[PDB]
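Structure first, commentary second.
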Amino acid sequence: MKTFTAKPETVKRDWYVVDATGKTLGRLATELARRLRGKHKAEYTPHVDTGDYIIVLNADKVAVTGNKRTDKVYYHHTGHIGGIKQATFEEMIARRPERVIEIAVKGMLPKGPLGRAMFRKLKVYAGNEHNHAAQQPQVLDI
Amino acid sequence: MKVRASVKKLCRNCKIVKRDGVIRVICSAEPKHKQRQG
Amino acid sequence: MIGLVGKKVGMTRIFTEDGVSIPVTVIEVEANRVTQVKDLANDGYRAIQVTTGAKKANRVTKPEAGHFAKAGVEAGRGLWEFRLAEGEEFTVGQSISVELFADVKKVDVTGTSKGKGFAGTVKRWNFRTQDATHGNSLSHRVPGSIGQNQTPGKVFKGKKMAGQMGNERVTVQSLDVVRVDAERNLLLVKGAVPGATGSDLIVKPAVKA
Amino acid sequence: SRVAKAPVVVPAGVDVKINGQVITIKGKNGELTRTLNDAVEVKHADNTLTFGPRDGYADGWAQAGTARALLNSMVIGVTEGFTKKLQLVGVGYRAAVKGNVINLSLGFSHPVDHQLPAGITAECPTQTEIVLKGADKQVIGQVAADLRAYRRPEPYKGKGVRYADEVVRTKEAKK
RNA sequence: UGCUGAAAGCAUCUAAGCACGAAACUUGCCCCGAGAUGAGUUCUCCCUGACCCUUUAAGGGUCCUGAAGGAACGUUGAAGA
RNA sequence: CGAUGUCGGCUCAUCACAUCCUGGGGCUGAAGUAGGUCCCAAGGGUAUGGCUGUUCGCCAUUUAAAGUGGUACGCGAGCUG
RNA sequence: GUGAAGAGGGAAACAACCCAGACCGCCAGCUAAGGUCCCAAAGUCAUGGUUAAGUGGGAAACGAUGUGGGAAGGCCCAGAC
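Residue numbers (the entry's author numbering), protein chains in the order written: chain J, 1 to 142; chain f, 1 to 38; chain C, 1 to 209; chain F, 2 to 176.
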């Protein structure tokens with residue numbers, strides 16, 4: 001008897017909604033990445049995306065401890081010779097708030113096509129409302 | 001302003017204050033006495 | 001503030017009674033007929049879309065014909081768009097003529113520049129030629145070196161090399177408007193604007209004041 | 002500590018309003034407000050206010066002393082108010098008030114007109130004196146600092162705006 | 001560079017709170033830009049037939065039909081190897 | 001060591017700041033003009049000639065300035081010899 | 001002692017360091033060094049402290065009322081700072 005393996009067609013995925021108000025960024029991101037990977041389900045398989053879809057709202061109100069709010073720099077290189085950009089945490093929150101959560105989760109996920117596939121199910125919004133009311137997401141207290 | 005690695009008091013009016021995690025010496029009497037650790 | 005769409009008639013000069021010869025470019029700016037008004041409620045931003053000139057009735061395809069027909073306006077030779085400033089309204093069938101620029105002092109003219117085809121580095125980026133003598137071997141106008149020896153073992157992005165020069169959008173900023181001739185749909189701007197004769201030009205009020 | 006131990010006496014005609022940490026003090030010279038730090042425990046003993054360290058914070062006494070001084074300054078403001086006097090030194094230097102804008106002429110090629118805040122009023126007894134008045138100590142100090150900042154007093158002759166009480170250490174120019 | 005202010009009865013630009021400050025940073029000026037696979041938005045146009053088969057399903061096949069639009073060909077361009 | 005072409009020059013650069021100029025500031029044995037020194041700042045700019053193969057250097061005359069360095073003391077499957 | 005002549009696990013990667021010596025097969029169990037939030041298997045484990053520097057996650061002479069614990073000492077309600 002060989003071990004059970006999930007199948008991409010018959011795997012069921014549920015929709016959840018998380019309120020990111022005042023929660024620690026990394027401590028929320030770990031649970032988010034774990035659920036997107038599917039490690040919270042007994043039917044987990046490393047090469048199958050068995051996770052759930054998660055909608056994260058109120059992303060622009062996420063909290064950090066210490067002096068990270070003004071000192072955490074997000075570096076990225078454009079590929080050109082002088083293109084070294086940088087942006088502090090507060091600048092990222094003010095300019096593109098969703099990117100903070102996106103970069104954090106993407107960093108905590110595996111790398112490769114399956115990793116990008118897992119990442120595609122996270123839909124994060126700056127405000128308090130989403131357009132996915134049709135899918136009926138359950139409120140998840142992380 | 002003297003930017004030194006060793007900042008000390010130079011007279012009775014020199015007062016040591018730590019501003020923004022930097023040790024600084026400020027003197028009410030002599031402007032030549034003000035230094036900052038750097 | 002919005003701008004208008006005209007056509008480059010050519011270049012000439014205007015003589016002033018003080019004895020100064022101003023070189024001007026004659027832009028024929030016919031009436032711009034609005035064809036669609038975009039708003040925050042439907043498009044998420046405020047702008048108008050205008051057209052000008054005429055087009056052959058057997059050359060206008062059915063999608064754009066229906067688009068013009070909805071507005072109830074005869075087909076023009078193109079469609080251009082202008083972002084609306086705050087507190088500036090326009091109706092759908094409205095026609096805007098060259099008298100809009102009656103009291104502006106400087107404009108920004110943007111057009112598609114002349115095409116120089118495949119241009120060398122010397123012509124395109126003002127590189128220096130090498131020696132025409134002194135023993136030089138087949139390297140009179142080549143670009144020379146393009147990198148360093150094995151530590152950055154690649155050529156850097158954004159390097160200046162030979163390629164297609166021109167035939168791209170170019171904006172010339174802060175030109176003085178010499179004369180607005182509303183009677184015959186003319187606009188004379190001081191200086192030289194990009195583009196060959198007969199091309200389309202987009203004239204907008206100067207952003208830099 | 003020692004500053005926080007001594008309570009402040011609230012005079013007659015001055016009503017306080019404690020709402021958690023945010024406190025308002027109304028009086029004849031206006032009504033000031035301030036949001037206190039959560040680590041300070043303040044209470045009104047029916048004729049005076051007392052300040053104590055709220056438990057669970059290391060810097061209790063320090064914040065308490067800071068809070069004591071702030072509310073004491075507020076009480077001084079709402080009864081007597083603060084008057085800051087500045088004087089100008091130098092030929093051709095002068096000031097004038099037009100309702101709520103001070104017009105300074107400090108030897109510049111243009112006029113320098115500073116807009117005053119809501120609760121600050123100015124008055125020039127002479128051409129070279131400015132008298133600022135207000136309830137809030139921090140605001141009147143800040144406006145005084147900004148006015149002196151335009152032409153800070155140089156050491157060779159003392160030319161520029163200066164406070165009435167402060168001394169300028171004159172330095173001799175050795176040739 | 002400061003205002004108010006304790007720790008530290010004083011002093012103190014800082015520990016709580018508030019203000020100013022450079023060609024550096026982010027915009028503001030110009031251009032490319034939804035292959036931004038996260039492939040977006042808006043306006044408009046076109047197609048409104050009958051049937052067979054077996055492994056019955058985003059299945060295959062026949063007849064009629066060929067639109068909007070595109071491509072090809074030709075005369076060509078201040079566009080272009 | 002069954003080959004990693006080397007000094008200087010030409011063409012083309014790119015990065016670091018221990019900044020040459022412009023920008024902000026403290027002290028001055030800073031009256032002013034003009035300076036000395038240190039801190040912040042790499043956005044842009046940073047000569048032409050006489051002599052020698054010269055790098056370096058001296059000299060003439062400008063410039064706000066004629067920076068110090070890294071890149072196989074950058075660059076010969078780009079040129080010279 | 002190891003490598004040479006030695007594979008496996010850890011130190012990111014890393015012949016020589018640490019743990020440990022591969023006869024072959026198994027979709028069985030227990031541990032060593034090293035770890036137990038996610039990449040990536042395992043404690044968001046329990047009790048009591050320390051740090052506010054992203055110190056942890058690179059360094060010295062020297063400088064500093066940063067802050068936790070312990071034993072003394074000099075002045076002091078004949079009044080100390």
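Even for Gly, the Cβ is constructed at its ideal location relative to N, Cα and C.
- By alpha-carbon distance to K72(J), the top candidate from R37(J), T3(J), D49(J) and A63(J) is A63(J).
- Taking all protein chains in view, the Cβ of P31(f) is surrounded by fewer than 16 other Cβ atoms within 10 Å, so the residue is classified as exposed.
- By the Cβ-count criterion, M1(J) is exposed, with fewer than 16 other Cβ atoms from all chains shown falling within 10 Å of its own Cβ.
- Contact annotation: in the stretch 62 to 87 of chain J, residues whose CB is within less than 9 Å of a CB in chain C are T78, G79, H80, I81, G82 and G83.
- Between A117(J) and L36(J), the alpha-carbon positions lie close to 9 Å from each other.
- Here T45(J) carries a coil assignment [DSSP, helix/strand/coil].
- Taking a C-beta cut-off of 9 Å against chain J, the contacting residues of the stretch 137 to 163 of chain C are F156, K157, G158 and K159, listed in chain order.
- Sorting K23(J), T3(J) and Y53(J) by C-alpha distance to the C-alpha of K12(J) places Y53(J) at the top.
- Apart from sequence neighbours up to five positions away, the residues of its chain that approach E102(J) with a beta-carbon distance below 7 Å are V124, ordered along the chain.
- The C-beta distance from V98(F) to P118(F) rounds to 14 Å, too long to meet the 8 Å contact threshold.
- Residue range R169 to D181 is occupied by the beta strand (DSSP E) that includes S174(C).
- Each of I84(J), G38(J), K85(J) and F4(J) was checked against the Cα of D14(J), and the nearest Cα belongs to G38(J).
- In the DSSP assignment, the residues bridged to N104(F) are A97(F) and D114(F).
- Burial check for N101(F): the Cβ neighbour count within 10 Å stays below 16, so the residue is exposed.
- Each of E88(C), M11(C), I2(C) and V26(C) was checked against the Cα of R184(C), and the nearest Cα belongs to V26(C).
- Per the DSSP secondary-structure output, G76(C) pairs with nothing in a beta bridge.
- In the structure shown, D147(F) falls within a helical segment according to DSSP collapsed to helix, strand and coil.
- Here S6(f) has no same chain residue with a Cβ atom under 7 Å from its own Cβ, once five neighbours each way along the sequence are excluded.
- Separation of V132(F) and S28(f) (C-alpha to C-alpha, rounded to the nearest whole angstrom) is 26 Å.
- Scanning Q143(F), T129(F) and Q128(F) for the CA closest to the CA of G135(F) turns up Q143(F).
- The beta carbons of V178(C) and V24(C) sit closer together than 8 Å.
- Each of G93(F), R35(F) and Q88(F) was checked against the Cα of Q22(F), and the nearest Cα belongs to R35(F).
- Look at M1(f) here: in three-state DSSP terms it is coil, with no helix or strand label.
- DSSP, reduced to helix, strand and coil, places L37(F) outside both helices and strands of the structure shown, so it counts as coil.
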